[PDB]
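These notes are about the structure you will find just below.
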Amino acid sequence: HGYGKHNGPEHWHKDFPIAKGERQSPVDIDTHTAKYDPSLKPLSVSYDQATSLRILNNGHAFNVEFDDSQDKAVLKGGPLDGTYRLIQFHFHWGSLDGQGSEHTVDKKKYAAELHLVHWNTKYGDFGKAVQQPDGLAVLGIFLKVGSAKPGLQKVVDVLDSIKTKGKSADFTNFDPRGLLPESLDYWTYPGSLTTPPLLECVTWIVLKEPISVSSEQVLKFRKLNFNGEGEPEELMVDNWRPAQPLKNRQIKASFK
Ligand SMILES: [Zn+2]
């Protein structure tokens with residue numbers, strides 16, 4: 001299962017029937033049909049004690065992993081009940097600046113999309129959380145090409161050391177607060193993981209405000225490999241799933 005022409009997202013349903021489910025992600029966000037919901041609370045992001053451990057090329061993307069054995073970096077408030085711990089973040093990007101994001105806004109695609117994955121502490125661990133309808137909370141942040149994002153450069157510089165699938169590198173003292181936009185206004189809806197096993201266990205929180213990265217920064221994403229060392233080289237690009245039907249779901253907005 002990958003993003004190629006013979007094993008891309010359009011084939012996934014064969015191994016994972018839930019791919020054609022009722023709350024699949026990503027989706028197109030229609031800003032004019034999103035419902036303003038005054039009952040929604042502001043997001044509470046507490047990343048000040050975050051402990052990054054490692055960066056890994058898993059063949060789908062690269063993951064920056066965090067210590068989630070304590071409430072060090074947590075997400076609360078918003079549409080969430082309870083405390084969600086940060087476990088990892090990763091990106092989806094395109095082969096061109098005009099595509100790469102998974103979610104779209106009024107059909108507009110962005111250059112890339114950042115996913116910060118958190119799990120609901122009441123379920124004890126990530127593996128158990130994914131089996132629950134309220135197990136995960138994923139914070140989605142759009143990337144557009146323009147000015148460089150200083151807080152992203154540490155990630156970019158290390159990519160050379162994890163070029164191929166299975167490669168990992170120590171990655172300590174990275175502060176994820178450097179990746180957040182100024183405003184935390186958001187849309188929220190119930191959805192799924194966007195890669196297999198595509199479990200419908202995610203509360204999506206998609207920030208309205210994109211961050212800017214430079215052409216050179218996103219360019220270095222595109223030099224990674226889907227393949228492992230010694231195998232024929234396949235550039236890691238367009239690792240994004242297409243928008244899925246909204247079906248019986250309403251997208252809510254924390255702003256007007
Ligand atoms: Zn993702």
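So you can find residues: chains in the structure tokens are A, B, ... in the order shown, residues in each start at 1, and ligands are numbered from 1 in order.
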
- Leaving out residue 91 of chain A and any residue of its chain fewer than 6 positions from it, which residues lie within 7 Å of it when counting only C-alpha atoms, given as a VMD selection string? chain A and resid 61 112 to 115

Go ahead and dump the residues you just picked, C-alpha atoms, as a PDB file, in the first residue's frame.
```pdb
ATOM      1  CA  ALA A  61       6.271  10.127   5.239  1.00  0.00           C
ATOM      2  CA  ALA A 112       1.540  20.654   2.142  1.00  0.00           C
ATOM      3  CA  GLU A 113      -0.298  19.772   5.344  1.00  0.00           C
ATOM      4  CA  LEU A 114       1.112  19.239   8.842  1.00  0.00           C
ATOM      5  CA  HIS A 115      -0.519  16.650  11.116  1.00  0.00           C
TER       6      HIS A 115
END
```

Please check which protein, DNA or RNA residues sit within 9 Å of ligand 1, counting only C-alpha atoms and all ligand atoms, and write them as an mmCIF file with N, CA and C atoms, in the first residue's frame.
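Everything below was put into selection03.cif:
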```
data_model
loop_
_atom_site.group_PDB
_atom_site.id
_atom_site.type_symbol
_atom_site.label_atom_id
_atom_site.label_comp_id
_atom_site.auth_asym_id
_atom_site.auth_seq_id
_atom_site.Cartn_x
_atom_site.Cartn_y
_atom_site.Cartn_z
ATOM 1 N N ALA A 61 5.879 8.762 4.944
ATOM 2 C CA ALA A 61 6.271 10.127 5.239
ATOM 3 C C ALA A 61 7.410 10.060 6.244
ATOM 4 N N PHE A 89 4.296 13.994 14.886
ATOM 5 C CA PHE A 89 3.794 14.811 13.795
ATOM 6 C C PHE A 89 4.475 14.434 12.482
ATOM 7 N N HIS A 90 3.772 14.660 11.379
ATOM 8 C CA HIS A 90 4.298 14.350 10.058
ATOM 9 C C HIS A 90 3.654 15.269 9.037
ATOM 10 N N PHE A 91 4.147 15.210 7.804
ATOM 11 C CA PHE A 91 3.658 16.071 6.735
ATOM 12 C C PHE A 91 3.147 15.241 5.563
ATOM 13 N N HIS A 92 2.251 15.835 4.779
ATOM 14 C CA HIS A 92 1.899 15.344 3.449
ATOM 15 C C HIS A 92 2.193 16.482 2.480
ATOM 16 N N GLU A 102 -3.977 17.464 2.186
ATOM 17 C CA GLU A 102 -5.011 16.442 2.151
ATOM 18 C C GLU A 102 -6.388 17.096 2.204
ATOM 19 N N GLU A 113 0.555 19.753 4.164
ATOM 20 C CA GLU A 113 -0.298 19.772 5.344
ATOM 21 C C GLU A 113 0.419 19.089 6.504
ATOM 22 N N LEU A 114 0.494 19.779 7.638
ATOM 23 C CA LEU A 114 1.112 19.239 8.842
ATOM 24 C C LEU A 114 0.074 18.573 9.741
ATOM 25 N N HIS A 115 0.362 17.354 10.187
ATOM 26 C CA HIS A 115 -0.519 16.650 11.116
ATOM 27 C C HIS A 115 0.184 16.391 12.444
ATOM 28 N N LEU A 116 -0.361 16.962 13.513
ATOM 29 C CA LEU A 116 0.103 16.703 14.872
ATOM 30 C C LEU A 116 -0.868 15.722 15.530
ATOM 31 N N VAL A 117 -0.397 14.505 15.788
ATOM 32 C CA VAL A 117 -1.272 13.425 16.238
ATOM 33 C C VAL A 117 -1.248 13.275 17.758
ATOM 34 N N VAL A 138 -6.375 15.011 15.876
ATOM 35 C CA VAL A 138 -5.309 15.449 14.991
ATOM 36 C C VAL A 138 -5.469 16.917 14.634
ATOM 37 N N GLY A 140 -4.535 19.795 12.233
ATOM 38 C CA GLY A 140 -4.094 19.972 10.863
ATOM 39 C C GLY A 140 -3.753 21.420 10.548
ATOM 40 N N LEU A 193 -8.110 8.289 10.266
ATOM 41 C CA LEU A 193 -6.734 8.364 9.803
ATOM 42 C C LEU A 193 -6.808 8.457 8.286
ATOM 43 N N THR A 194 -5.815 9.079 7.661
ATOM 44 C CA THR A 194 -5.832 9.214 6.207
ATOM 45 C C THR A 194 -4.880 8.231 5.540
ATOM 46 N N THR A 195 -4.238 7.395 6.349
ATOM 47 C CA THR A 195 -3.470 6.264 5.839
ATOM 48 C C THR A 195 -3.985 4.985 6.495
ATOM 49 N N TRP A 240 -0.431 12.199 -0.442
ATOM 50 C CA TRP A 240 -1.680 12.713 0.117
ATOM 51 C C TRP A 240 -2.882 11.931 -0.404
#
```

Residue neighbourhood segment 173-182 of chain A, 8 Å, only C-alpha atoms, exclusion window fewer than 2 positions, as a compact mmCIF listing (two decimals) with N, CA and C atoms, in the first residue's frame:
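Listing of selection16.txt after writing:
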```
# COMPACT_ATOMS: atom_id res chain seq x y z
N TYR A 47 2.56 22.83 24.90
CA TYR A 47 3.71 22.12 24.34
C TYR A 47 5.04 22.50 25.01
N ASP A 48 4.96 23.28 26.08
CA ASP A 48 6.17 23.83 26.69
C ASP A 48 7.14 22.78 27.25
N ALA A 50 7.42 19.64 25.88
CA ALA A 50 7.53 18.60 24.86
C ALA A 50 8.93 17.98 24.81
N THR A 51 8.98 16.66 24.68
CA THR A 51 10.26 15.96 24.55
C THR A 51 10.30 15.17 23.26
N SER A 52 10.88 15.74 22.22
CA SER A 52 11.05 15.00 20.97
C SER A 52 12.15 13.95 21.18
N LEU A 53 12.02 12.82 20.50
CA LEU A 53 12.97 11.72 20.66
C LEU A 53 13.71 11.41 19.37
N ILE A 141 -2.58 21.63 9.97
CA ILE A 141 -2.10 22.96 9.65
C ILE A 141 -1.61 23.02 8.21
N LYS A 149 10.04 29.36 7.09
CA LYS A 149 9.64 29.17 8.48
C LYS A 149 10.87 28.75 9.28
N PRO A 150 11.43 29.68 10.07
CA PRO A 150 12.66 29.41 10.81
C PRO A 150 12.55 28.15 11.67
N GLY A 151 11.42 27.99 12.35
CA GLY A 151 11.22 26.86 13.25
C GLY A 151 11.15 25.51 12.57
N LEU A 152 11.09 25.51 11.24
CA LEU A 152 11.02 24.26 10.48
C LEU A 152 12.40 23.79 10.02
N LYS A 154 15.32 23.08 11.37
CA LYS A 154 15.96 21.97 12.06
C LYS A 154 15.49 20.63 11.49
N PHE A 171 16.59 12.90 17.43
CA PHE A 171 16.07 14.23 17.15
C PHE A 171 15.51 14.83 18.43
N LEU A 184 -5.48 30.54 16.41
CA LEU A 184 -5.85 29.14 16.59
C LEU A 184 -7.32 28.89 16.25
N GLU A 209 -5.70 29.37 9.70
CA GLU A 209 -4.52 30.12 9.25
C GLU A 209 -3.36 29.22 8.83
N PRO A 210 -2.90 29.35 7.58
CA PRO A 210 -1.77 28.55 7.11
C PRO A 210 -0.46 29.13 7.64
N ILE A 211 0.60 28.33 7.66
CA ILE A 211 1.93 28.87 7.89
C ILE A 211 2.65 28.93 6.55
```

- Message: Residues of segment 40-85 of chain A classed as strand (DSSP E) by DSSP on the backbone are to be reported as an MDAnalysis selection string.
- Response: chainID A and resid 43:46 52:57 62:66 74:77 84:85

- Write out as number ranges by chain each polymer residue whose atoms come within 12 Å of residue 161 of chain A, counting only C-alpha atoms; drop sequence neighbours fewer than 6 positions from it. A: 54-57, 62, 155, 167-171, 223-225, 229

- Which residue of A:230, A:237, A:147, A:164 approaches residue 215 of chain A most closely, using only C-alpha atoms: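 Using only C-alpha atoms, residue 215 of chain A sits closest to A:147.
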
- Message: Can you measure atom CA of residue 96 of chain A to atom CA of residue 206 of chain A for me? One decimal in Å is fine.
- Response: 22.1 Å

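For the residues A:36, A:126, A:16, A:186, ranking by smallest atom-to-atom distance to residue 250 of chain A using only C-alpha atoms places A:36 first.
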
- Message: What does the structure give for the distance between atom CA of residue 189 of chain A and atom CA of residue 245 of chain A, in Å to one decimal?
- Response: 12.8 Å

For segment 141-227 of chain A versus segment 11-14 of chain A, which residues have an atom no more than 10 Å away, and what is each residue's nearest atom pair and distance in Å rounded to one decimal, using only C-alpha atoms, chain-then-number order, as a tab-separated table?
```
residue	atom	partner	partner_atom	distance
A:195	CA	A:12	CA	9.0
A:196	CA	A:12	CA	7.7
A:197	CA	A:12	CA	9.1
A:198	CA	A:12	CA	9.3
```

- Query: Excluding same-chain residues fewer than 4 positions from residue 248 of chain A, what lies within 12 Å of it counting only C-alpha atoms, as a list in words?
  - Reply: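 Near neighbours after the sequence-gap exclusion: residues 21, 22, 23, 24, 189, 190 and 191 of chain A.
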
Take the selection from the previous step and output its residues with N, CA and C atoms, as a PDB file, in the first residue's frame.
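Once written, result28.pdb looks like this:
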```pdb
ATOM      1  N   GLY A  21     -16.048   4.069   4.156  1.00  0.00           N
ATOM      2  CA  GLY A  21     -16.895   4.198   5.329  1.00  0.00           C
ATOM      3  C   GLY A  21     -17.680   5.493   5.420  1.00  0.00           C
ATOM      4  N   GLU A  22     -18.256   5.740   6.595  1.00  0.00           N
ATOM      5  CA  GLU A  22     -19.148   6.878   6.812  1.00  0.00           C
ATOM      6  C   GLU A  22     -18.442   8.139   7.328  1.00  0.00           C
ATOM      7  N   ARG A  23     -17.266   7.982   7.925  1.00  0.00           N
ATOM      8  CA  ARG A  23     -16.537   9.145   8.427  1.00  0.00           C
ATOM      9  C   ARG A  23     -15.067   9.110   8.018  1.00  0.00           C
ATOM     10  N   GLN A  24     -14.839   9.031   6.713  1.00  0.00           N
ATOM     11  CA  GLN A  24     -13.492   9.008   6.168  1.00  0.00           C
ATOM     12  C   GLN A  24     -12.937  10.419   5.976  1.00  0.00           C
ATOM     13  N   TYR A 189     -14.434  18.433  12.635  1.00  0.00           N
ATOM     14  CA  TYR A 189     -15.390  17.414  12.209  1.00  0.00           C
ATOM     15  C   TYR A 189     -14.853  16.038  12.607  1.00  0.00           C
ATOM     16  N   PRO A 190     -15.740  15.028  12.697  1.00  0.00           N
ATOM     17  CA  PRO A 190     -15.330  13.651  13.002  1.00  0.00           C
ATOM     18  C   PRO A 190     -14.874  12.921  11.743  1.00  0.00           C
ATOM     19  N   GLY A 191     -13.736  12.236  11.817  1.00  0.00           N
ATOM     20  CA  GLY A 191     -13.145  11.617  10.641  1.00  0.00           C
ATOM     21  C   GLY A 191     -12.254  10.435  10.961  1.00  0.00           C
TER      22      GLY A 191
END
```

- Can you pull out every residue within 9 Å of residue 221 of chain A, counting only C-alpha atoms, but drop anything in the same chain fewer than 4 positions away, and send it as an MDAnalysis selection string? chainID A and resid 93 156 159 217 236:237

- Who sits within 6 Å of segment 103-109 of chain A, only C-alpha atoms, same chain under 6 positions skipped, as number ranges by chain: A: 26-30

How would the residues just picked look written out with N, CA and C atoms as a JSON list (two decimals), in the first residue's frame?
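Just written: out.json:
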```json
[["chain", "number", "residue", "atom", "x", "y", "z"],
["A", 26, "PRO", "N", -9.40, 12.68, 4.12],
["A", 26, "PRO", "CA", -9.79, 14.06, 4.41],
["A", 26, "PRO", "C", -11.07, 14.43, 3.67],
["A", 27, "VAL", "N", -11.50, 15.68, 3.83],
["A", 27, "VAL", "CA", -12.69, 16.18, 3.17],
["A", 27, "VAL", "C", -12.45, 17.59, 2.67],
["A", 28, "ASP", "N", -13.30, 18.06, 1.77],
["A", 28, "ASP", "CA", -13.26, 19.46, 1.37],
["A", 28, "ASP", "C", -14.02, 20.29, 2.39],
["A", 29, "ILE", "N", -13.41, 21.38, 2.84],
["A", 29, "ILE", "CA", -14.07, 22.27, 3.79],
["A", 29, "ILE", "C", -14.75, 23.42, 3.04],
["A", 30, "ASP", "N", -16.08, 23.36, 2.96],
["A", 30, "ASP", "CA", -16.86, 24.42, 2.35],
["A", 30, "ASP", "C", -17.11, 25.50, 3.40]]
```

- In terms of only C-alpha atoms, the residue from A:165, A:256, A:208, A:222 at minimal distance from residue 188 of chain A is A:208

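Using only C-alpha atoms, the shortest contact distance between residue 77 of chain A and any of A:64, A:143, A:218, A:205 is found at A:205.
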
- atom CA of residue 246 of chain A and atom CA of residue 95 of chain A are how many Å apart?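 About the pair atom CA of residue 246 of chain A and atom CA of residue 95 of chain A: they are 26.3 Å apart.
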
- Message: I'd like to know which of A:192, A:59, A:69, A:45 is closest to residue 1 of chain A, using only C-alpha atoms.
- Response: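 Residue with the minimum atom-to-atom distance to residue 1 of chain A: A:59.
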